[PDB]
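> need the 3D shape of this:
(10 chains, ligands or ions: 4)
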Amino acid sequence: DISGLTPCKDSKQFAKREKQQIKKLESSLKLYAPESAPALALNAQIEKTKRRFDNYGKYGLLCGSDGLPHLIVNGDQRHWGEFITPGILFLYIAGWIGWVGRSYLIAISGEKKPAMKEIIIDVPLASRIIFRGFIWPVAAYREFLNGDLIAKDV
Amino acid sequence: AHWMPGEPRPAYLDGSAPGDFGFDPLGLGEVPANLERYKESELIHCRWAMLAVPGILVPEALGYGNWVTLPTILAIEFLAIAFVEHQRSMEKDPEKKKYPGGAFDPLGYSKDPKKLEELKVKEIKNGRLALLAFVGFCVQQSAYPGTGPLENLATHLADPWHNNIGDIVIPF
Amino acid sequence: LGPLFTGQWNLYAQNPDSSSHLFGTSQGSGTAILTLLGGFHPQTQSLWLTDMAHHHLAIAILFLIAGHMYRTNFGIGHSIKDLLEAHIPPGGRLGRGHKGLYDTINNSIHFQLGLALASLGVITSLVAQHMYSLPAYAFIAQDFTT
Amino acid sequence: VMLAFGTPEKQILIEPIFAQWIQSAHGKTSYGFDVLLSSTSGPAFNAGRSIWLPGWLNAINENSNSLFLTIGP
Amino acid sequence: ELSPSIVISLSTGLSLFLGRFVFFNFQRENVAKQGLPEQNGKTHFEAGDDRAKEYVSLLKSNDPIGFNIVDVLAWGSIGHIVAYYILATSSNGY
Amino acid sequence: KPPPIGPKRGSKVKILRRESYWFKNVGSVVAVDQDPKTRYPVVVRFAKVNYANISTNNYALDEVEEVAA
Amino acid sequence: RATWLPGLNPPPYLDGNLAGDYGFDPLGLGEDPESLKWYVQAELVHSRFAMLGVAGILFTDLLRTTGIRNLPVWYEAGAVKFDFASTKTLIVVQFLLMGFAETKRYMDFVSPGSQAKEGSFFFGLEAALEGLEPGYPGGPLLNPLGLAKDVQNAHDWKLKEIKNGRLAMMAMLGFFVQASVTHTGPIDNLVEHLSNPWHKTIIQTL
Amino acid sequence: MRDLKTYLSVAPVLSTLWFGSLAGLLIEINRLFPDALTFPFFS
Amino acid sequence: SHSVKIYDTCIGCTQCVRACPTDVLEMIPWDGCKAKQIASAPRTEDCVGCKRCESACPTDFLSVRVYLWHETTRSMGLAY
Amino acid sequence: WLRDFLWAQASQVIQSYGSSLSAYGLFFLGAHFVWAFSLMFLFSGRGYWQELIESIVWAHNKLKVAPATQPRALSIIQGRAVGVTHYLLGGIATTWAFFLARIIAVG
Ligand code: CLA
Ligand SMILES: CC(/C=C/C=C(C)/C=C/[C@@]12O[C@]1(C)C[C@@H](O)CC2(C)C)=C\C=C\C=C(C)\C=C\C=C(C)\C=C\[C@@]12O[C@]1(C)C[C@@H](O)CC2(C)C
Ligand SMILES: CC1=C(/C=C/C(C)=C/C=C/C(C)=C\C=C\C=C(C)\C=C\C=C(C)\C=C\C2=C(C)CCCC2(C)C)C(C)(C)CCC1
Ligand SMILES: CC1=C(C/C=C(\C)CCC[C@H](C)CCC[C@H](C)CCCC(C)C)C(=O)c2ccccc2C1=O
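Numbering: from 1, shown residues only, chains lettered A, B, ... in the order given. Ligands and ions are numbered 1, 2, ... in the order given. Now the structure:
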């Protein structure tokens, strides 16, 4: 109920959005037979919409006066599924990408012509490294403590 | 002679200073001039807090004032204290800025240097303890608005395993 | 000026145009000249002229006090050169601090111009952000193109 | 896209909680944070309780004027 | 009423006492340490500006510490300031 | 002197020249002109080219500094 | 030796002289040596805490399921309100005491001679904290029995320790996930598996 | 062939392989787990 | 017109002047390099500023260096 | 042309949000974008981007992520090529979306 936003499980305009989209998809449904592929696909999209709205209701999303879910990023424990848990889920993958790429560039750095390994990606080397970014939040922390994360100028 | 035995003591404080335990993890006292100013200010903060804490618990044990008009008492305070503080600022010898002696040292406690060093250690230890005690007073008055320090000690001694800091430090 | 010299400044905030004032006529007006009642005039949806008067007065006190800061021909005041050579942090984080900066600004007209345009642009955006929200002119909030 | 797919309920709408907090920190009761000026018990509200805050509150809460607009995603 | 003629003279005499007796040595120390407002390593008067010429005539006081008229203006500007601050903050019942 | 004056052929060297592309970057000395009249004898060979697609440049003795490795 | 999967040589930065090595470091975490030392102490402490955990869960659930004592489920065990003390006090007391323990362990790890030399007063006991080893402190306080008085030539004992502890950690992860998707105790899940093993497993949870 | 695999490991071929695999992953996730705005597990 | 300058980092490879389409440059003897020659710029009045000279100087940054300056009819390359 | 052709006949590509013609309005805005993005290339020059690239290459070399294939700003002729192709693609896809939605809607 924060920021003047009513939850979507007890919002009027949210249910109105639901009803309006369902009537829109049903207006496009009285043009085909109820057993053919178009009508079946339209009914599947209808159930998709209804479950979508009900899932946004049951997660405790906050729907404003416009009747759309307004995500809360401030750090409220009820709304960590909005930003903070998927934010950690992001940063874990993003640091995976960065860490496997960095360890790859460091792996090829001791090559005769390293640039050809950035064009012709050494798939065995990367694949042996591709899972080494699973542990990036600890390996990077140690490389920061040991001094191996940041390079020295010389 | 170390705040956490095992941590490497920095190079700039090693035990020689009166109250040296090697607690400079942020590296504030790196340069010597700031270090000297810091120990001066430390002694002054210490002496003010040690003047304060017996001016808190003694009114609370008997008076129960809870340690809680302007344009005259404020003026007399500023006049009486700015004079002393600037006259203190006008000294340039640092060991005499921390420990003037002379007209400030009657009773001859500063007559023997070894006992002078031991008493400087005593001053700084009791003073750090009193600074902690005053910060405790302030935060215990912030958390509990309308209670006294000795009142809080009675609250602890009543049921210590149920009335402690934990009630404020975690939400539960 | 009895209230001003006698210190009884509160006598200048006695009848602060008590909410029925028509801008340009004595109906619902008052006698105050300097107020801090804040908010907007109800007719104009603008700031009170007494608030602007007290405002410019207060910042006049501040600027007239601040303009007696820097050293001049009368023996007192600050030298900005030593203010800058004194603001060098021990620790070497900033390094040599603001040393030699008075000479590289005062000789450099482009540095003066850059700092001036910095401040001017920020306060111009401030003029915009505060004239749209806190209009200080009568009947400018209700007209919408200006 | 979510509008182009007729699904405006799927949009990324982040309510500006921090600017709304500053607004409620100045007397705007349109969010219900009740902090430092919308809370009557706040000492900041108690200090200027008799100086400017009546006019400033009936100004900032009045949704016709243009200071501290009701902001959204 | 705080007797607006008594508080103001009181605060002015207070500022002058705090100036001459309590800290003039600190103020004159900081004046001599900050020094003149030099440009390119020299005073403005030493750089060709005929109009600076720090007025030693106005500074030549025979008060035995050196409390010149400018320091009298300084301590007394602060005095009247604190006086009217007290008077105004005491006028309204806030 | 007729013996070498500069770094050894192969000594990885750092560049102190502020206007070069490889400033504060290591190199690899491939030659040192032993003529005691040229101004920039130290022929270095770096690993990554400059903007002109060149990996080598002459440097002076004072515009160069060998690393501890 | 036998290093955790045949057909792969162990990494050259760890081999032989370490508590239950077996050469499993495919993700290059013990590549740096001081990192490996820190991780060894981490592993030992983790495994010992996990062993105490598995004992304190299996024993309590043997008492619970059979019905010797009415102890709560491991899942719903933290919210037990004790009469003499409160959890709000217990967290703070744990913080204090385990801080005095773990910071001492740390300052020994970074400086082995510490906690026993000078001004390290713990009720006059500045001798039981000699350490003798990283991760294996010894002394009358920590090993009163002293089964392994020596510790370098105690590879059997340390190997038993680390193997039982790796297994206890894996069993603790079992307790974490097995009782978050089934919402019962470990012994309940076991006797559910030992009635119809081919019909009650992880994937028989629909 | 060694050179055919050398070409398959080239940056564009491997990029389109990687992004086709990735795109199939995200696509099948947004079909099996469509219309997702909030992470409800341990919410 | 333009101010062409040759600095002492020149190796005497004769590309600056073999690239220069307006005869601005010329190689002269010198004792600062293994080739014993350095470029000079006498005919800067004929310098258009095309910087083909310094697009062919193989040094750390440059040895030849063209400074754009007072543009006349011949530095602007006008047939009218 | 601005009123009766552009403004008016672009009332079926922008109002086509939630319709079957919604990819047309999507590419209307997108081709607008790609055209404008092209203006970053046609207007700018290589030297600024090489200096910026060398700054962020310092930021990479600080973390041992210096790529051997040296990051170079686009060649000048390449900046012009990228500009003209994004400009043409954007203007042309704008027009394509506008025409197709306009003429499919009122048909
Ligand atoms: C950067 C801005 C931005 C953001 C934040 C989003 C965000 C989102 N968009 Mg939008 N979108 C954008 C730009 C953006 N989009 C643009 C530019 C376009 C035009 C191309 C679109 C077009 C678009 C469409 C058409 C749709 C979305 C949808 C979505 C949602 C995707 C949820 C989903 O399926 O993920 C679920 C998660 C994954 C796919 C990732 C899985 C990762 C794997 C499994 C690895 C993780 C596991 C790993 C092993 C670690 C586990 C832990 C342990 C092992 C350590 C989400 C709200 C969809 C939706 O539902 O809208 C609400 C949708 O229908 N977007
Ligand atoms: C500490 C621990 C558990 C401790 C549990 C305790 C105290 C439980 C206490 C309680 O229950 C009781 C007793 C009583 C209850 O009433 C109350 C509570 C309080 C609830 C588990 C650790 C559990 C730790 C686990 C599961 C760690 C697993 C690590 C793995 C698998 C690592 C793998 C790798 O790192 C390597 C080895 C090498 C790399 O190269 C490759 C990869 C693959 C990355
Ligand atoms: C909580 C939150 C928030 C906020 C937050 C913040 C404010 C933060 C900050 C933060 C910060 C302030 C940070 C900083 C940082 C810095 C640095 C300096 C870093 C560095 C790093 C590195 C260097 C890394 C690297 C890597 C990795 C690890 C990954 C990949 C690879 C690489 C190599 C890249 C909010 C409310 C909004 C929302 C919710 C959430
Ligand atoms: C932006 C810009 C640049 C810089 C443009 C850069 C170099 C393009 C940005 C890098 C591209 C996108 C390559 C990076 C993607 C690689 C294929 C690496 C893959 C990494 C993942 C995405 C897979 C110029 O060089 C330029 C030159 C002349 C006039 C105008 C301009 C101009 O406007």
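
> who's in contact with the residue nearest to residue J:50 when sequence neighbours are not counted?
Nearest residue to residue J:50, sequence neighbours excluded (C-beta to C-beta, 6 or more residues apart in numbering or on different chains): residue J:73, at 4.0 Å. Yep, even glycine has a C-beta here, placed from its N, CA and C like the rest. Neighbour list for residue J:73: J:46, J:47, J:49, J:50, J:52, J:53, J:79 [criterion: C-beta atoms under 8 Å, 6 or more residues apart in numbering or on different chains].

> quick check: closest non-adjacent residue to the first one.
Distances taken as C-beta to C-beta, 6+ apart place residue J:73 nearest to residue J:46, at 4.8 Å, with adjacent residues excluded.

> please tell me how far that neighbour sits from chain C.
According to C-beta to the nearest C-beta, to the nearest Å, residue J:73 and chain C sit 28 Å apart.

> helix or strand: which one has that residue?
Following DSSP states H and E, there is no helix or strand that holds residue J:73.

> got it, and residue B:72?
helix B:70-89.

> please identify the buried residues of the helix or strand that that helix is followed by?
Moving toward the C-terminus from helix B:70-89, the next helix or strand (DSSP H and E) is helix B:94-98. Within helix B:94-98, the residues that count as buried by 16 or more other C-beta atoms under 10 Å in any protein chain shown are B:97, B:98.

> contacts for helix B:94-98?
Residues contacting helix B:94-98 (C-beta under 8 Å, 6+ apart): B:36, B:39, B:40, B:43, B:88, B:91.

> residues contacting the second one?
Okay, so that is residue B:39. Residue B:39 neighbours (C-beta under 8 Å, 6+ apart): B:17, B:19, B:98.

> the nearest residue to the second one once chain neighbours are set aside: what's it in contact with?
By that I understand residue B:19. Distances taken as C-beta to C-beta, 6+ apart put residue B:124 closest to residue B:19, at 3.3 Å, once the chain neighbours are dropped. Shown in contact with residue B:124 (C-beta under 8 Å, 6+ apart): B:18, B:19, B:42, B:43, B:46.

> specify which member of those is nearest to residue C:84.
residue B:42 (29.8 Å; C-beta to C-beta).

> report the contact partners of whatever residue of chain E ends up closest to chain D.
The minimum distance from chain E to chain D, using C-beta to the nearest C-beta, falls at residue E:94 (6.2 Å). The neighbours of residue E:94, taking C-beta under 8 Å, 6+ apart as the test, are D:50, D:51.

> if we use 7 Å, what do you get?
By C-beta atoms under 7 Å, 6 or more residues apart in numbering or on different chains, the contact set of residue E:94 is residue D:50.

> name the residues that touch stretch E:57-77?
Here stretch E:57-77 has contacts from C:74, C:75, C:76, E:12, E:15, E:16, E:18, E:19, E:20, E:24, using C-beta under 7 Å, 6+ apart.

> return the set of buried residues in it.
So stretch E:57-77, judged by 16+ other C-beta under 10 Å, has buried residues E:59, E:67, E:68, E:70, E:71, E:72, E:74, E:75, E:76.

> let me know the closest of those residues to residue A:66.
residue E:74 (62.1 Å).

> nearest to residue I:42 among the buried residues of stretch E:57-77?
residue E:59 (65.3 Å).

> do you know how far the closest one is from residue C:145?
59 Å (C-beta to C-beta, to the nearest Å).

> and if you look at residue B:51?
67 Å.

> looking only at neighbour counts, state which of those two leads.
Counted by other C-beta atoms under 10 Å in any protein chain shown, residue B:51 and residue C:145 do not tie: residue B:51 has more neighbours, with 10 against 3.

> which secondary structure element is home to the residue in chain I that ligand 4 sits nearest to?
Nearest to ligand 4, among the residues of chain I, is residue I:55, at 16.7 Å (C-beta to the nearest ligand atom). Of the helices and strands defined by DSSP H and E, none includes residue I:55.

> just give the nearest non-adjacent residue to it, would you?
residue I:19 (7.2 Å).

> residue C:56 in helix, strand or coil?
helix (DSSP: H, G, I helix; E, B strand; the rest coil).
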